[PDB]
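A short worksheet on the structure shown next.
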Amino acid sequence: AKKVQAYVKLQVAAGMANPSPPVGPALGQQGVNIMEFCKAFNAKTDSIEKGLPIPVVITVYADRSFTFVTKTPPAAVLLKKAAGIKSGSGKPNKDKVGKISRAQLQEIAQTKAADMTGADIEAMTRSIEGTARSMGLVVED
Amino acid sequence: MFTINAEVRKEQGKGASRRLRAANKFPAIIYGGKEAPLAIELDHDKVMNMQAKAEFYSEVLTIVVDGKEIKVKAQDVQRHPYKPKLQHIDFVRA
Amino acid sequence: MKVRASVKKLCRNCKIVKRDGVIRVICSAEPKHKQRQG
Amino acid sequence: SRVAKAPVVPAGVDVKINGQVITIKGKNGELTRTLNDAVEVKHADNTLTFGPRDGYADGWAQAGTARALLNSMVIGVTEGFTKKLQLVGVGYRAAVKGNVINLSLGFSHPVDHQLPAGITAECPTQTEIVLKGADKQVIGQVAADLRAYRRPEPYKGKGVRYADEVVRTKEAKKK
Amino acid sequence: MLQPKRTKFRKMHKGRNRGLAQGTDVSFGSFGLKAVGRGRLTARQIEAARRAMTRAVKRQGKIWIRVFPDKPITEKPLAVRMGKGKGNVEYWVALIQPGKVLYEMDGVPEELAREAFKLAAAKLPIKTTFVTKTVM
RNA sequence: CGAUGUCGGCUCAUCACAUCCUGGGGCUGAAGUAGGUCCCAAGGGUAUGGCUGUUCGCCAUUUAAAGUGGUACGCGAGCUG
RNA sequence: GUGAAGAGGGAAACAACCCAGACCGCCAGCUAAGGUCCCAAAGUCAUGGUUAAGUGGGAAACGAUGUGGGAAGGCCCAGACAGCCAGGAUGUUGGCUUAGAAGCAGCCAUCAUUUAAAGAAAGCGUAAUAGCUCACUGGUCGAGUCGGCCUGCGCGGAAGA
């Protein structure tokens, strides 16, 4: 049939929200309460790493109310920090813009572990390595 | 290696050739050694798939002609001008 | 539908349906891929 | 083959076995207007059976046919059909009267089908038609004549569709 | 386009086909097109063909092209009563016969080779058919 | 070749569809709008003038549209010259 | 070779093609090319098979899951093939450009896991991502099947006074 409905997902900064372009209209269509979420989100984001873009998934009900689960920041972002870079490489694999030690990846894999399916640390660590190779970020043991 | 079944042929003539080609059979000869040539007619369809592998032209055939066997090699092949049919294959006893 | 003598099949969603002597083509997606004869 | 070598009629319904028709009969609808043509009549306890009429080797094209064609009428007297038939765009009305349904797409003049029996019209809305029907064949045809007032079109989406949205959408331009 | 650079002679006869071949086997190639049927390539047919192949096989494999056109074949011009002189060379035809190998691909899969030749062909004037490399 | 009167016009048409319009559709880069293009469709309809011997063409202004081609490049035992 | 200078019989009619050279006659016979459903003389013949187009009774390039006939190969009861139940995960909303183009505008990346198994991917979709479906993979069913090949006969292609 036709229709539409919610359970939205978005990656908003740690301590910042409400802007129309970034947020607002995005979930506003579903019928979410911008104001409430703005303060609600940034409320817990204070405890979580500030200044780090964390992806949150909002789920609206018929009540138009909503709940959201704050996960861990994207692997790509985490790699940028570890590598100390700002952006990717444009042409990954061809030109490396940064590097990350095998130890760091394990740390990032441990952070993403919650959202990763990886049965063991090796799996999770590699899962991110695939993201690094896609960012043009080399990894030295 | 393949162990081909083929059989005596006995009429020389282009015409008779045309008659053979109306069946799958194409005329063909064994010649070699100290005994006069053996006019056989192998079956195309078998031999088609068998000559498609390199092995044919490379290892020994043993052409079973009515109950006896003669070990030959396929040397030369005068096939149809443009069709995957054969018309002829010369076989030298080696 | 789009009319030519031949243009074969066009994608993997081109089923080729024969209604009469002409050979039409149903397509899931594009109506421009639908042939009357092609 | 497959279907054409598959046999099934429950004991929820009833039959009038005949040598040149396959008749089902019962309540909620009934009566069978598809008939033998190229197929035998055998029977079974739990199946109204038929292999191909002999002296014709192509009769299993007509048989695999005959198969789904019989069983569907049975589904019609046990369960509804033609479940709904929506339409994209609005102010396109309804009527739902004696068996006529009006619908507008800028029709000054009324557009109606005095429907046969064995197919029902209902809606709650001016964007929807909710029909339960019996006899998948019968119904389906008269059902088409409705939505066929105007075809759906891709450049604004509007035009009476089906139940499900199976349109293509092409952007408008020049704005 | 393609012709004798030093001409043996200017003009030549109609010629006849007697069909068949002896030229039936790739010797540079591993895939190829042979003929079915008989005709002429006017060499703008060779040219179109060399082109269509190259755009497809790319800079993988290599191409050879058996038959180079050697019979002129005249056309006597328009609006003059016929039989007053023999015409002038407007062509270089290539008399081709069945089983006569046209072109020759190498270096690329059996399927690529077919669907490069299938693409060339139609800009060829007769029915074709595939060649496999062949042990011989 | 023991005469089959040329072109053009006029007059009178008639046929074919490879359709210009109307009719019915497909696709559309199908917003609408008029269209573009193609398919089906010959029932009916399908322009006057200016110039030029030319048919044609070019130009002017409409028209729903001023189709194309065939009929001894239609028609002189019907007209014109 | 015939016609010329040859009738006759066949090819509808049809100087030349095919068959056959008319001394003459006979409500005589036997054949020939070619024919035997009716016009219109003789098989609604026998046997077997093919074709569905009115092909037969005009045409090619070329296209096709139309059919018949033949052979091999790939997969298959340790359950294939299709659909359906689904897998469709996870890293994953990667970069330039653009707030945001982050598989799929263009350009680059075209890797890898989770596993029993799951392409940074064919297209739709979106400026672009997100999502949907698919060559890609798991389950249900229950028996042959999937593409190529040779080859007989068809189909379209096939529009004019």
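Numbering of chain A is taken from Swiss-Prot, so the residues present carry the numbers 2-142, in order.
How was it done? The header gives electron microscopy, 5.8 Å.
Every residue gets a Cβ built from N, Cα and C, even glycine.
Take the CB of A:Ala2 (N,N,N-trimethylalanine) and look out to 10 A: across all protein chains shown you find 10 other CB atoms. Taken from Swiss-Prot, the feature N,N,N-trimethylalanine covers A:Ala2.
Taken from Swiss-Prot, the feature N6,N6,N6-trimethyllysine applies to A:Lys4 (among others), supported by experimental evidence. The Cβ neighbour count for A:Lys4 (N6,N6,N6-trimethyllysine), using a 10 Å radius and every protein chain shown, is 5. In the three-state DSSP classification, A:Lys4 (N6,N6,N6-trimethyllysine) falls within coil.
Summarising the annotation, Swiss-Prot assigns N6,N6,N6-trimethyllysine to A:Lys40 (among others). Its Cβ taken as reference, A:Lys40 (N6,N6,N6-trimethyllysine) is surrounded by 10 other Cβ atoms within 10 Å in the chains shown.
Look at Swiss-Prot and you will find A:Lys72 (among others) tagged as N6-succinyllysine, backed by experimental evidence. DSSP classifies A:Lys72 (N6-succinyllysine) as coil under the three-state reduction.
Using a 10 Å radius centred on the Cβ of A:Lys81 (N6-succinyllysine) and all shown protein chains, the other Cβ atoms total 21. Reduced to three states, the DSSP call for A:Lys81 (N6-succinyllysine) is helix. Annotation source Swiss-Prot lists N6-succinyllysine at A:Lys81 (among others).
A separation of roughly 28 Å, to the nearest angstrom, links the Cα atoms of A:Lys81 (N6-succinyllysine) and A:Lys40 (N6,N6,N6-trimethyllysine). Between A:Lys40 (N6,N6,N6-trimethyllysine) and A:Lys72 (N6-succinyllysine), the C-alpha separation comes to 17 Å.
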